[PDB]
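Everything on this sheet refers to the single structure shown next.
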Amino acid sequence: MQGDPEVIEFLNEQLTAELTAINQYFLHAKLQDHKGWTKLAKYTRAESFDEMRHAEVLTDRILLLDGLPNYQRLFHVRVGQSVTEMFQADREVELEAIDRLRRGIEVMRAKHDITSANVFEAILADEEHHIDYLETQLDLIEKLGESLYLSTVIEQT
Amino acid sequence: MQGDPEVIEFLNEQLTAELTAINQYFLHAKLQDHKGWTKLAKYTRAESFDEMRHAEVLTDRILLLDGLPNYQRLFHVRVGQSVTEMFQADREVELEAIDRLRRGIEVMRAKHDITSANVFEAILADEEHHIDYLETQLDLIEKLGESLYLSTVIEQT
Amino acid sequence: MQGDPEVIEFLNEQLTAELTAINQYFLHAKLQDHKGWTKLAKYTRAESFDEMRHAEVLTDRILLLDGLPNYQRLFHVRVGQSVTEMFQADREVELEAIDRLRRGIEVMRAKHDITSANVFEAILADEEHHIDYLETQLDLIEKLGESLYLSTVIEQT
Amino acid sequence: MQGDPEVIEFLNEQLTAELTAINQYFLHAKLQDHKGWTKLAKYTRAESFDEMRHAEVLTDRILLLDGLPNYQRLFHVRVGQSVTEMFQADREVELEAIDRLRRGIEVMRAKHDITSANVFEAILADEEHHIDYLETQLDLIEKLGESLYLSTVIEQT
Amino acid sequence: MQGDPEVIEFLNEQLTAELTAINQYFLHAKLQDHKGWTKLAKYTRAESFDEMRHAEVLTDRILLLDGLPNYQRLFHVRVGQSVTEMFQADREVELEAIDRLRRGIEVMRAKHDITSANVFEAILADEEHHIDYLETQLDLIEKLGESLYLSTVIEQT
Amino acid sequence: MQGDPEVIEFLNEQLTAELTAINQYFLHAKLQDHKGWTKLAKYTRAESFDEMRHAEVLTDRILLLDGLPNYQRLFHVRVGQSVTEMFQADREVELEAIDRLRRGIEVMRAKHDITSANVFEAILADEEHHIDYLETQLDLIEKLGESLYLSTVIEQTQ
Amino acid sequence: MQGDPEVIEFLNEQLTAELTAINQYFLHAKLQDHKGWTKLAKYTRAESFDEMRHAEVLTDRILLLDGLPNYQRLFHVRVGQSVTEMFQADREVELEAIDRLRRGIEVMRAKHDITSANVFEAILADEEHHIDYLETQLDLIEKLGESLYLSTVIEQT
Ligand code: HEM
Ligand code: HEM
Ligand code: HEM
Ligand SMILES: [Fe+2]
Ligand SMILES: [Fe+2]
Ligand SMILES: [Fe+2]
Ligand SMILES: [Fe+2]
Ligand SMILES: [Fe+2]
Ligand SMILES: [Fe+2]
Ligand SMILES: [Fe+2]
Ligand SMILES: [Fe+3]
Ligand SMILES: [Fe+3]
Ligand SMILES: [Fe+3]
Ligand SMILES: [Fe+3]
Ligand SMILES: [Fe+3]
Ligand SMILES: [Fe+3]
Ligand SMILES: [Fe+3]
């Protein structure tokens, strides 16, 4: 079994996006922990681990179709200074991923490849959940404020 | 055993009120949880299940008297945007229920039907407790403020 | 993320149907229990709880797309008096739901919204299972009879 | 609920294929165990049991649509002498099944029947996994050789 | 307290090397597992996890000195086809790391920074042990033969 | 075995610094606990115990080289009234210690004494960690505000 | 919710009576224990604790109606010398309480306040039980005698 070139192209582009997300989420988690915002750091670390799981699934699927995964290419990694900036950078990454996933699902399903489409469907569900969380947190920061919001995630130990 | 039409009318009106309360409380709990106010959402959910218990008891009593419960009629369901508005809507519902319960208890007890009166007495006690809680929370919001009050009911997960 | 008006319209119509089903099933369970048919009552109660879970899932999906769930609507609620009539009313409700679900799945999937389509697919599977059970029970009643069928669900304890 | 004749035709053809696979896999497992290749025999038995699970699911789906499962006809059952021949026969069976499954999924989904399509999708995923395993084993036999490969799957007991 | 630019430059170069090693080792583990060589795959996976332990330690040290870790650039990632090529690629990576670590330890210790020197000393010990293992495995492949060597790392289930 | 006079001089100076740190940290912990800031008090108590362990290790090393530990000296002990002032005093103490430790490590290692150098290396790592924590807390106080910062370390208990 | 002034007046008078009873019962228990009548002392202590619980319930009810509990006023506290005098003093207190409770229940129930009436009903039941016990003990003392009755409650451990 060999897949079409286009399906493998879509899978490789998604894999590159997943690797970039892993790097960005880890850097942000370390930066947050360094400043004393422990409760945010735990969540960001967990999200990075989720990105690793997605990347492994994509690699498995690519290999099963007699392809060569791309572990050399990266996109642009965004680094933030405030907390609002970190949230906005994550939002940008997630939106790009969602659009790509929808287009890929359509194209793959149009060529009689169902397992790849199901892989993207699961990834799409997870991405939508994460983007929902990010938007909620941005709304909370807007309502409360930087200092009053930050006083609830700092811990003494 | 066949009760008077008026006692069944009172019981059916109370049942309609309880169903409307179930709807409103569950919707409010979902809306609060969506925004990140977790500790409020737990309490609102518990209140909705109390509405469970009240409605089921009323249905049992109506059926025992050879009547037909009304599961088709609803009152007006109020939806709030802030937190103060949600509290005020709940307050309105509770006050209406309390007045109806008192009038019904008098009328029923005047016709030699004691079990129905006891049912309303228990429901009345519970409603008074809930209205007390709501008024206390409104006072707290007034004293502290919206932002400072809201910072105490938000978690990360 | 904001969905199309039509997807939200489909979701709201399904939510109204779910609420109507909850009411009808719970009333039927209470009516059956009052008459001494115990095992039927247990089964009907479980089915009503299933409908409750479906409604909660629909509400979550509607809220995630920046919509307003409709908790004020209600279709016509059918009430039966013998076992055959109860089974037939449930059958009518289920058939309507299945047709609506199929049409909605097509329309949603044609607009690049996959998660909503998956929600309806799961709901459709459950509806088909329930309709199968109802048809089997109607066949059994026809073969055995009302009295000989009812003697097997009556318990005394 | 009655399905279209074509969907039932597809399901019955898949059921016949599943029964033929059960027979072939179990015969191969017995033949391998007779010769002293124990670790191969365990795997082959497990695969035959999986084919049974698939057949039972297909029968359930066919019955739910008011159809008559076909438990009478069989395809051609292939028997091998070496180990390479057994692997090649299994490969042929799997490839035929995969092509049929893809065509059927398209046709079914084009007629507004989703549950049948999901059944075929799950079966397709499992078939692809098994074909992957078979191709890997054939590559290993080619690289090492038949004697050196066979020395690793024999025990005394 | 902020360190010299040169110490941070050394730390950042080592961090880039560690990230490249993580990528290469994980890809090699997946490739080996796909072919049926199981114990090799387990060992390679463990090595990749070790490489990330090193990367996290380096990031912590860089952040403590008021620096900016570099999570953007990568070196050249080598991909092999047979076991010998994979082992040789790993050997090349390890040798480069060893040379860099020795030079960095000298330079850092000459400027009165001891904790950074200790970090590199630990990393250097680990790298030397890994390179020892790789050379031993290459010797074994040369002696036994590549088919007779591969027959000992292939398993069935 | 008899060490050089200079190595013992370095060790004795470090021991005096450790004793001064013990005193200052314990006093600060008591002052913080008296005012109702509980979690700060727990952290400061733990830090004082760490300084005690460091002092014991230094005494052991000095005795092994046929020397006489100095348990009579004391530097100036700083006492603060706010929370910012307490953090700043601790910062001053830590910076002095770090500079002394680096100079001592160089000098000792230049005379073929390795165990003493390793002792100072461990102490230096711990000092750097503590100074990092102090700087982070000062940044947090600057950002949040001192009242909004203090509201998060008070408790009823009892 | 604000109650009528008269209901609050009744509740406050009952609260004053409860506080006076607490004081008298505890003093009597201490006096009895000092003389060596241990088995009487245990019972008197338990009764004082019961009065404490009643007072707490009354305070809660008064506060829920937006009133001010009266913790400053006391009635006349009676102190006895022999056991008969202690029993008679307790009897007097209980009789006064019972009469007041009956009058209050009537008045409150005539103004559509039901929860307060239920509170007094529970308190009235408890008072009647205690007065029954006291009368029985006085009858026993009359039949047996002071010395023969006292010899059965004195213990030495
Ligand atoms: C099931 C698959 C995987 C698992 C269970 C896993 C597990 C872990 C663990 C335990 C850590 C250490 C966490 C820490 O240091 O705080 C980690 C970090 C890391 N892993 Fe993954 N990993 C997986 C896949 C991958 C893949 C595929 C890559 C790269 C292609 C990768 C790259 C990294 C990196 C760069 C870090 C550290 C960066 C940071 O500090 O956030 N991992 N992972
Ligand atoms: C006569 C009508 C209804 C009755 C008798 C009823 C009854 C109940 C009962 C007994 C429970 C379990 C109690 C608990 O665990 O707290 C429950 C929970 C639940 N109810 Fe209802 N209900 C009714 C209407 C509704 C409506 C209108 C909704 C939503 C629109 C709904 C959605 C739910 C959900 C989702 C749960 C699970 C709680 C959760 O997941 O958080 N039910 N209901
Ligand atoms: C609950 C555990 C301990 C308590 C309550 C305790 C009690 C104390 C206190 C309160 C002080 C200093 C008080 C002050 O200076 O104002 C002290 C001095 C000291 N402690 Fe502890 N101690 C404990 C454990 C230890 C341990 C485990 C060690 C060593 C492993 C240790 C070694 C020392 C030393 C060396 C000094 C004096 C050093 C100097 O003054 O230069 N202590 N003891
Ligand atoms: Fe992802
Ligand atoms: Fe309530
Ligand atoms: Fe449903
Ligand atoms: Fe199969
Ligand atoms: Fe390594
Ligand atoms: Fe120290
Ligand atoms: Fe009392
Ligand atoms: Fe994501
Ligand atoms: Fe109620
Ligand atoms: Fe259902
Ligand atoms: Fe199979
Ligand atoms: Fe490394
Ligand atoms: Fe320290
Ligand atoms: Fe009493």
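Numbers run from 1 along the shown chain.
Determined by electron microscopy, 3.3 Å, according to the entry header.
Cβ from N, Cα, C; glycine included.
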Of the residues C:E127, C:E128, C:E135, only one is listed by Swiss-Prot in the Fe cation 1 site with C:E18, C:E51, C:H54. Which is it?
C:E127
Based on Swiss-Prot, name the residue from C:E94, C:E96, C:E155 that is recorded for the same Fe cation 2 site as C:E51, C:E127, C:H130.
C:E94
Residues near the Fe cation 2 site, C:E51, C:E94, C:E127, C:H130 excluded, by Cβ within 8 Å of the Cβ center?
C:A21, C:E47, C:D50, C:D90, C:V93, C:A97, C:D126, C:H129, C:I131
Under 8 Å Cβ to Cβ from C:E18 (Fe cation 1 binding site), same chain, six or more residues apart: give me those in sequence order, or none if nothing qualifies.
C:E51, C:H54, C:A55, C:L58
Pairwise Cα distance for C:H130 (Fe cation 2 binding site)/C:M52 (heme b binding site) [Å, integer]:
15
Is it possible to list how many residues within the domain 'Ferritin-like diiron' (C:1-145) are helical, extended or coil according to DSSP?
116 helix, 1 strand, 28 coil
CB within-chain contacts under 8 A for C:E127 (Fe cation 1 binding site), separation at least 6:
C:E94, C:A97, C:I98, C:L101
Given C:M52, C:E94, C:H130 as the binding-site residues, which ones have a Cβ positioned under 6 Å from some atom of ligand 13?
C:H130
Show which residues of the chain containing C:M52 (heme b binding site), separated from it by at least 6 in sequence, have their CB under 8 Å from its CB.
C:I22
